[PDB]
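Visitor: Take a look at entry.tsv, TSV, C-alpha atoms and all ligand atoms:
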chain	number	residue	atom	x	y	z
A	5	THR	CA	0.00	0.00	0.00
A	6	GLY	CA	2.74	2.45	0.98
A	7	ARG	CA	0.46	5.18	2.42
A	8	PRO	CA	2.10	8.64	2.99
A	9	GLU	CA	1.76	8.34	6.79
A	10	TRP	CA	3.61	5.01	7.18
A	11	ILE	CA	6.95	6.62	7.95
A	12	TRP	CA	5.42	8.32	11.01
A	13	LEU	CA	3.85	4.97	11.98
A	14	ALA	CA	7.26	3.27	11.68
A	15	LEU	CA	8.80	6.03	13.78
A	16	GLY	CA	6.07	5.78	16.42
A	17	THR	CA	6.53	2.00	16.53
A	18	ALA	CA	10.29	2.34	16.94
A	19	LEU	CA	10.12	4.95	19.73
A	20	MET	CA	7.41	3.15	21.70
A	21	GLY	CA	9.28	-0.14	21.45
A	22	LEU	CA	12.63	1.25	22.57
A	23	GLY	CA	10.96	3.11	25.42
A	24	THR	CA	9.15	-0.05	26.50
A	25	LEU	CA	12.31	-2.18	26.65
A	26	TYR	CA	14.29	0.45	28.55
A	27	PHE	CA	11.51	0.82	31.13
A	28	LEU	CA	11.19	-2.98	31.31
A	29	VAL	CA	14.94	-3.48	31.87
A	30	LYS	CA	15.02	-0.63	34.41
A	31	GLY	CA	11.85	-1.88	36.13
A	32	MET	CA	12.89	-5.51	36.67
A	33	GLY	CA	16.08	-4.40	38.38
A	34	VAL	CA	14.33	-2.34	41.07
A	35	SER	CA	13.42	-4.07	44.35
A	36	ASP	CA	11.14	-1.46	45.93
A	37	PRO	CA	7.46	-2.62	45.81
A	38	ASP	CA	6.01	0.81	45.05
A	39	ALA	CA	8.63	1.61	42.42
A	40	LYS	CA	7.76	-1.74	40.83
A	41	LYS	CA	4.09	-0.63	40.61
A	42	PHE	CA	4.95	2.58	38.79
A	43	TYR	CA	7.38	0.74	36.51
A	44	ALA	CA	4.87	-1.95	35.56
A	45	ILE	CA	2.27	0.69	34.69
A	46	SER	CA	4.70	2.97	32.81
A	47	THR	CA	6.09	0.09	30.74
A	48	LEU	CA	2.68	-1.37	29.81
A	49	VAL	CA	1.62	2.06	28.47
A	50	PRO	CA	4.24	2.29	25.67
A	51	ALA	CA	3.97	-1.49	25.17
A	52	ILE	CA	0.28	-1.20	24.18
A	53	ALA	CA	1.09	1.79	21.92
A	54	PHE	CA	3.91	-0.10	20.18
A	55	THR	CA	1.61	-3.00	19.29
A	56	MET	CA	-1.07	-0.66	17.92
A	57	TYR	CA	1.45	1.46	15.98
A	58	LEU	CA	2.85	-1.76	14.57
A	59	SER	CA	-0.63	-3.03	13.60
A	60	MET	CA	-1.40	0.28	11.87
A	61	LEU	CA	1.98	0.20	10.20
A	62	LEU	CA	1.06	-3.29	8.94
A	63	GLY	CA	-2.32	-2.20	7.60
A	64	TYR	CA	-4.76	-2.85	10.44
A	65	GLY	CA	-6.88	-0.49	12.53
A	66	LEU	CA	-7.90	1.50	9.45
A	67	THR	CA	-11.42	1.96	8.17
A	68	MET	CA	-13.05	4.11	5.45
A	69	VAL	CA	-15.91	6.11	6.95
A	70	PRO	CA	-18.20	7.97	4.52
A	71	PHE	CA	-19.10	11.62	5.11
A	72	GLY	CA	-18.62	15.04	3.52
A	73	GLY	CA	-19.11	13.28	0.20
A	74	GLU	CA	-15.83	11.39	0.72
A	75	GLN	CA	-14.54	7.98	1.80
A	76	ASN	CA	-12.53	9.08	4.83
A	77	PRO	CA	-9.56	7.10	6.22
A	78	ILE	CA	-10.16	6.70	9.96
A	79	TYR	CA	-7.47	4.99	12.06
A	80	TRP	CA	-9.58	3.40	14.79
A	81	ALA	CA	-6.66	1.39	16.16
A	82	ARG	CA	-5.78	4.62	18.00
A	83	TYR	CA	-8.79	4.34	20.32
A	84	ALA	CA	-7.94	0.67	21.02
A	85	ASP	CA	-4.59	2.04	22.20
A	86	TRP	CA	-5.89	5.07	24.15
A	87	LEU	CA	-8.74	3.11	25.76
A	88	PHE	CA	-6.10	1.41	27.95
A	89	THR	CA	-3.16	3.82	27.88
A	90	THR	CA	-4.96	6.99	28.94
A	91	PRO	CA	-6.49	5.56	32.14
A	92	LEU	CA	-3.13	3.93	32.97
A	93	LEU	CA	-1.36	7.33	32.76
A	94	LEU	CA	-4.15	8.71	34.98
A	95	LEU	CA	-3.50	5.88	37.46
A	96	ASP	CA	0.22	6.76	37.53
A	97	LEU	CA	-0.72	10.33	38.55
A	98	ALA	CA	-3.30	9.04	41.06
A	99	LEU	CA	-0.89	6.71	42.86
A	100	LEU	CA	1.59	9.57	43.01
A	101	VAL	CA	-0.56	11.96	45.08
A	102	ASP	CA	-2.35	9.15	46.92
A	103	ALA	CA	-5.69	9.93	45.27
A	104	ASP	CA	-8.79	8.24	46.70
A	105	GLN	CA	-10.49	5.21	45.14
A	106	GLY	CA	-13.58	7.25	44.32
A	107	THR	CA	-11.49	9.84	42.46
A	108	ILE	CA	-9.69	7.17	40.44
A	109	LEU	CA	-12.95	5.40	39.60
A	110	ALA	CA	-14.44	8.68	38.40
A	111	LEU	CA	-11.30	9.62	36.42
A	112	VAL	CA	-11.13	6.21	34.72
A	113	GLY	CA	-14.87	6.41	34.06
A	114	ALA	CA	-14.66	9.90	32.51
A	115	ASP	CA	-11.73	8.63	30.45
A	116	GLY	CA	-13.84	5.72	29.20
A	117	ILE	CA	-16.48	8.22	28.00
A	118	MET	CA	-13.86	10.44	26.32
A	119	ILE	CA	-12.44	7.55	24.24
A	120	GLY	CA	-15.82	5.92	23.68
A	121	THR	CA	-17.56	9.02	22.37
A	122	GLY	CA	-14.36	9.92	20.53
A	123	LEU	CA	-14.50	6.69	18.51
A	124	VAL	CA	-18.27	6.85	17.94
A	125	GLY	CA	-17.70	10.36	16.61
A	126	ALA	CA	-14.80	9.20	14.43
A	127	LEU	CA	-17.14	6.54	12.95
A	128	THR	CA	-20.30	8.67	12.57
A	129	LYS	CA	-21.61	9.07	9.02
A	130	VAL	CA	-23.54	12.31	9.47
A	131	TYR	CA	-20.86	15.00	9.26
A	132	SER	CA	-22.29	17.46	11.80
A	133	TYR	CA	-23.03	14.66	14.32
A	134	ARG	CA	-19.36	13.74	14.28
A	135	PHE	CA	-18.83	17.07	16.07
A	136	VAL	CA	-21.63	16.37	18.53
A	137	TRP	CA	-19.74	13.28	19.76
A	138	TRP	CA	-16.42	15.16	19.57
A	139	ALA	CA	-17.99	17.87	21.73
A	140	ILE	CA	-18.98	15.36	24.43
A	141	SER	CA	-15.61	13.59	24.36
A	142	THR	CA	-13.85	16.95	24.87
A	143	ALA	CA	-16.16	17.88	27.76
A	144	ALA	CA	-15.15	14.60	29.39
A	145	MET	CA	-11.45	15.47	28.92
A	146	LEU	CA	-11.96	18.91	30.39
A	147	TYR	CA	-13.48	17.20	33.46
A	148	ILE	CA	-10.39	14.97	33.75
A	149	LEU	CA	-8.02	17.95	33.38
A	150	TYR	CA	-10.02	20.01	35.91
A	151	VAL	CA	-9.68	17.17	38.43
A	152	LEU	CA	-5.95	16.77	37.68
A	153	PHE	CA	-5.35	20.54	38.12
A	154	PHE	CA	-7.72	21.36	40.97
A	155	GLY	CA	-7.96	18.02	42.75
A	156	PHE	CA	-4.66	16.13	42.51
A	157	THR	CA	-2.45	19.22	42.86
A	158	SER	CA	-4.17	19.82	46.20
A	159	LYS	CA	-3.56	16.29	47.52
A	160	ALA	CA	0.02	16.36	46.27
A	161	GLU	CA	0.54	19.07	48.89
A	162	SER	CA	0.27	16.42	51.59
A	163	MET	CA	3.16	14.71	49.80
A	164	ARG	CA	6.84	15.60	50.04
A	165	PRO	CA	8.12	18.45	47.81
A	166	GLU	CA	10.10	15.94	45.74
A	167	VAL	CA	6.85	14.07	45.08
A	168	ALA	CA	4.77	17.24	44.75
A	169	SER	CA	7.33	18.70	42.33
A	170	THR	CA	7.40	15.51	40.20
A	171	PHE	CA	3.60	15.51	39.98
A	172	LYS	CA	3.54	19.20	38.96
A	173	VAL	CA	5.76	18.42	35.95
A	174	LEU	CA	3.82	15.31	34.91
A	175	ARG	CA	0.56	17.19	35.45
A	176	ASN	CA	1.85	20.05	33.30
A	177	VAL	CA	3.06	17.78	30.49
A	178	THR	CA	-0.33	15.99	30.56
A	179	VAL	CA	-2.42	19.19	30.49
A	180	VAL	CA	-0.43	20.59	27.58
A	181	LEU	CA	-0.33	17.34	25.56
A	182	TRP	CA	-3.89	16.11	26.15
A	183	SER	CA	-5.30	19.55	25.32
A	184	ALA	CA	-3.77	19.15	21.85
A	185	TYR	CA	-5.53	15.92	20.88
A	186	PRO	CA	-9.04	17.40	20.41
A	187	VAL	CA	-7.64	20.14	18.18
A	188	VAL	CA	-5.73	17.69	15.93
A	189	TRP	CA	-8.95	15.65	15.64
A	190	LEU	CA	-11.01	18.73	14.75
A	191	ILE	CA	-8.77	20.10	11.97
A	192	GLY	CA	-7.60	16.68	10.75
A	193	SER	CA	-9.03	13.59	9.02
A	194	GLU	CA	-11.73	12.90	11.62
A	195	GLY	CA	-13.01	16.45	11.44
A	196	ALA	CA	-12.58	19.38	9.05
A	197	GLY	CA	-10.08	17.48	6.92
A	198	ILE	CA	-7.88	20.57	6.80
A	199	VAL	CA	-4.63	18.94	7.92
A	200	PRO	CA	-3.74	15.90	5.75
A	201	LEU	CA	-3.47	12.39	7.24
A	202	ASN	CA	0.32	12.12	6.78
A	203	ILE	CA	0.86	15.36	8.72
A	204	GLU	CA	-1.93	14.46	11.15
A	205	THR	CA	-0.22	11.13	11.85
A	206	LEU	CA	3.01	13.05	12.51
A	207	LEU	CA	1.24	15.25	15.08
A	208	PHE	CA	-0.30	12.26	16.82
A	209	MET	CA	3.01	10.36	17.02
A	210	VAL	CA	4.71	13.39	18.60
A	211	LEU	CA	1.95	13.74	21.20
A	212	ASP	CA	1.71	10.00	21.91
A	213	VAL	CA	5.48	9.47	22.25
A	214	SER	CA	5.78	12.62	24.39
A	215	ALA	CA	2.83	11.62	26.60
A	216	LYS	CA	4.05	8.02	27.15
A	217	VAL	CA	7.85	7.77	26.81
A	218	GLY	CA	8.36	11.43	27.68
A	219	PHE	CA	6.05	11.03	30.68
A	220	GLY	CA	7.60	7.69	31.71
A	221	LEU	CA	11.20	8.96	31.57
A	222	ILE	CA	10.28	11.88	33.82
A	223	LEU	CA	8.33	9.72	36.29
A	224	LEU	CA	10.68	6.71	36.40
A	225	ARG	CA	13.85	8.74	36.86
A	226	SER	CA	12.41	10.45	39.95
A	227	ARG	CA	12.72	9.22	43.53
A	228	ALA	CA	9.05	10.04	44.18
A	229	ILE	CA	8.14	6.53	42.97
A	230	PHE	CA	9.68	4.90	46.03
A	231	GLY	CA	7.53	3.59	48.87
B	301	LIG	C1	-0.83	8.05	25.04
B	301	LIG	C2	-2.03	8.72	24.65
B	301	LIG	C3	-2.53	9.85	25.25
B	301	LIG	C4	-1.94	10.60	26.41
B	301	LIG	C5	-3.78	10.23	24.59
B	301	LIG	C6	-4.54	11.30	24.96
B	301	LIG	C7	-5.74	11.43	24.13
B	301	LIG	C8	-6.64	12.43	24.36
B	301	LIG	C9	-6.55	13.48	25.45
B	301	LIG	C10	-7.74	12.40	23.40
B	301	LIG	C11	-8.83	13.23	23.32
B	301	LIG	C12	-9.97	13.26	22.35
B	301	LIG	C13	-10.90	14.29	22.60
B	301	LIG	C14	-10.95	15.36	23.67
B	301	LIG	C15	-12.14	14.46	21.67
B	301	LIG	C16	-12.06	13.79	20.29
B	301	LIG	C17	-11.39	12.46	20.24
B	301	LIG	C18	-10.14	12.24	21.13
B	301	LIG	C19	-10.28	10.76	21.67
B	301	LIG	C20	-8.97	12.32	20.07
So that I can check it, write out the structure of this file as structure tokens.

Guide:
Amino acid sequence: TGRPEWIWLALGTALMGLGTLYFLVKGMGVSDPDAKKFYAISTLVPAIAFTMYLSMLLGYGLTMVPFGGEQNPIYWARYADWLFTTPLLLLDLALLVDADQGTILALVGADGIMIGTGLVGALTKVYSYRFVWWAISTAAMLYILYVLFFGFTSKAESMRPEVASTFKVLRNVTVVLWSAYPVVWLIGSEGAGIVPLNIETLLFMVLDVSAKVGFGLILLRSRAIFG
């Protein structure tokens, strides 16, 4: 097939894979119980992404959805990835500030809605309705970000400055990166079709790699992960 976006898929695969192995190697050497928890979560995240990037590279996870008078190329494999990677990243942040079970449940639940409505919107055949689902998915994300900024930051103040300062950074990287996804979706292939798929794939790989390997490197190299 040789689609224009494959090089970004191959690059995403490579980066996720290398990041996975390095976290795996680093994680199985640590003896601390808590640090092991964070490592297992942070390694599984890029591991899931690698497999999905690989699948997409190999021609799977792609479907032609009709709308706007066109047969639009929608990579649904992305939601299969994010369905499990986004709540795992949220869990990493939750364990860090000692969030409550109710908070985590609600964050994972909101996250499920965000990805669920996101995919339904990416598969919707009525053009304008695609944005109705997109709208709801974004509202869900704004709820998650509100909680991360107003809730978690507050409970991280009961933590040690080293831990509070690590969370601040991860929280900041997450707010900035996650905020970008709904915009790429809106102006890209799933939405307005302004930005081409090849470029759109490039944008997604930069955000995904940054949000998983970038995030993991920052979190796993800190001493805040220790019990
Ligand atoms: C490793 C992957 C990460 C950190 C993915 C984050 C993805 C989002 C914050 C996605 C958000 C979306 C919306 C707000 C609405 C439209 C559809 C989505 C799923 C692209």

Visitor: I'd like to know which of A:106, A:200, A:31, A:218 is closest to ligand LIG 301 (chain B), using only C-alpha atoms and all ligand atoms.

Guide: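 Among the listed residues, A:218 lies closest to ligand LIG 301 (chain B).
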
Visitor: Which chains and residue numbers are within 9 Å of ligand LIG 301 (chain B), counting all atoms listed in the file, if I want them as a PyMOL selection string?

Guide: chain A and resi 49-50+53+82-83+85-91+93+115+118-123+125-126+135+137-146+178-179+181-190+194+208+211-217

Visitor: Give me a file of those residues, with C-alpha atoms, as a compact mmCIF listing (two decimals), keeping the file's coordinate frame.

Guide:
# COMPACT_ATOMS: atom_id res chain seq x y z
CA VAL A 49 1.62 2.06 28.47
CA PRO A 50 4.24 2.29 25.67
CA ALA A 53 1.09 1.79 21.92
CA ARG A 82 -5.78 4.62 18.00
CA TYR A 83 -8.79 4.34 20.32
CA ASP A 85 -4.59 2.04 22.20
CA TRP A 86 -5.89 5.07 24.15
CA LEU A 87 -8.74 3.11 25.76
CA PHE A 88 -6.10 1.41 27.95
CA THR A 89 -3.16 3.82 27.88
CA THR A 90 -4.96 6.99 28.94
CA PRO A 91 -6.49 5.56 32.14
CA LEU A 93 -1.36 7.33 32.76
CA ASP A 115 -11.73 8.63 30.45
CA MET A 118 -13.86 10.44 26.32
CA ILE A 119 -12.44 7.55 24.24
CA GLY A 120 -15.82 5.92 23.68
CA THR A 121 -17.56 9.02 22.37
CA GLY A 122 -14.36 9.92 20.53
CA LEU A 123 -14.50 6.69 18.51
CA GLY A 125 -17.70 10.36 16.61
CA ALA A 126 -14.80 9.20 14.43
CA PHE A 135 -18.83 17.07 16.07
CA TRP A 137 -19.74 13.28 19.76
CA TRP A 138 -16.42 15.16 19.57
CA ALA A 139 -17.99 17.87 21.73
CA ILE A 140 -18.98 15.36 24.43
CA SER A 141 -15.61 13.59 24.36
CA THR A 142 -13.85 16.95 24.87
CA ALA A 143 -16.16 17.88 27.76
CA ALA A 144 -15.15 14.60 29.39
CA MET A 145 -11.45 15.47 28.92
CA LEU A 146 -11.96 18.91 30.39
CA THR A 178 -0.33 15.99 30.56
CA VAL A 179 -2.42 19.19 30.49
CA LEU A 181 -0.33 17.34 25.56
CA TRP A 182 -3.89 16.11 26.15
CA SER A 183 -5.30 19.55 25.32
CA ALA A 184 -3.77 19.15 21.85
CA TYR A 185 -5.53 15.92 20.88
CA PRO A 186 -9.04 17.40 20.41
CA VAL A 187 -7.64 20.14 18.18
CA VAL A 188 -5.73 17.69 15.93
CA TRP A 189 -8.95 15.65 15.64
CA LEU A 190 -11.01 18.73 14.75
CA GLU A 194 -11.73 12.90 11.62
CA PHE A 208 -0.30 12.26 16.82
CA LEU A 211 1.95 13.74 21.20
CA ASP A 212 1.71 10.00 21.91
CA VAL A 213 5.48 9.47 22.25
CA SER A 214 5.78 12.62 24.39
CA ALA A 215 2.83 11.62 26.60
CA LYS A 216 4.05 8.02 27.15
CA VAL A 217 7.85 7.77 26.81

Visitor: Could the residues of stretch 106-140 of chain A that have an atom at most 8 Å from stretch 57-81 of chain A be listed as CSV, each with its closest atom pair and the distance in Å to one decimal, counting all atoms listed in the file and ordered by chain and ascending residue number?

Guide:
residue,atom,partner,partner_atom,distance
A:123,CA,A:80,CA,7.0
A:126,CA,A:78,CA,6.9
A:127,CA,A:69,CA,6.1
A:128,CA,A:69,CA,7.6
A:129,CA,A:71,CA,5.3
A:130,CA,A:71,CA,6.3
A:131,CA,A:71,CA,5.6

Visitor: So which one's closest to residue A:227, A:170, A:193, A:24, A:202? Using all atoms listed in the file, please.

Guide: A:170

Visitor: Between A:39, A:117, A:167, A:97, which is the closest to residue A:153 once you count all atoms listed in the file?

Guide: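 The shortest atom-to-atom distance to residue A:153 comes from A:97.
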
Visitor: With distances taken over all atoms listed in the file, which of A:192, A:37, A:113, A:16 is nearest to residue A:231?

Guide: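 Checking each of A:192, A:37, A:113, A:16 against residue A:231, counting all atoms listed in the file, the winner is A:37.
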
Visitor: To one decimal place in Å, what is the distance between atom CA of residue A:36 and atom CA of residue A:48?

Guide: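 So the two atoms, atom CA of residue A:36 and atom CA of residue A:48, lie 18.2 Å apart.
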
Visitor: Give as an MDAnalysis selection string each residue that has an atom at most 10 Å from (2.4, 9.9, 10.3) in the file, counting only C-alpha atoms.

Guide: chainID A and resid 7:16 61 200:210

Visitor: Could you tell me which of A:133, A:150, A:54, A:230 comes closest to residue A:166 if we count all atoms listed in the file?

Guide: A:230

Visitor: Set up a box along x, y and z of the file covering all listed atoms of stretch 95-104 of chain A, add 4 Å on every one of the six sides, and write the centre and edge lengths in Å to one decimal, as AutoDock Vina command-line options.

Guide:
--center_x -3.6 --center_y 8.9 --center_z 42.2 --size_x 18.4 --size_y 14.1 --size_z 17.5

Visitor: Report as number ranges by chain all protein, DNA and RNA residues lying within 8 Å of residue A:162, evaluated on all atoms listed in the file, omitting residues in the same chain fewer than 3 positions from it.

Guide: A: 101, 158-159

Visitor: Out of A:51, A:112, A:99, A:92, which residue has the shortest atom-to-atom distance to residue A:38 when counting all atoms listed in the file?

Guide: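 Using all atoms listed in the file, residue A:38 sits closest to A:99.
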
Visitor: List every protein, DNA or RNA residue that has an atom no more than 9 Å from (-11.4, 9.5, 35.7) in the file's coordinate frame, counting all atoms listed in the file, and report them as a list in words.

Guide: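 The requested residues, written out, are residues 91, 94, 95, 107, 108, 109, 110, 111, 112, 113, 114, 115, 116, 144, 147, 148 and 151 of chain A.
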
Visitor: Any idea what the distance is between atom CA of residue A:173 and atom CA of residue A:52?

Guide: 23.5 Å

Visitor: For a test of reading the model, state the distance in Å between atom CA of residue A:156 and atom CA of residue A:169, rounded to one decimal.

Guide: 12.3 Å
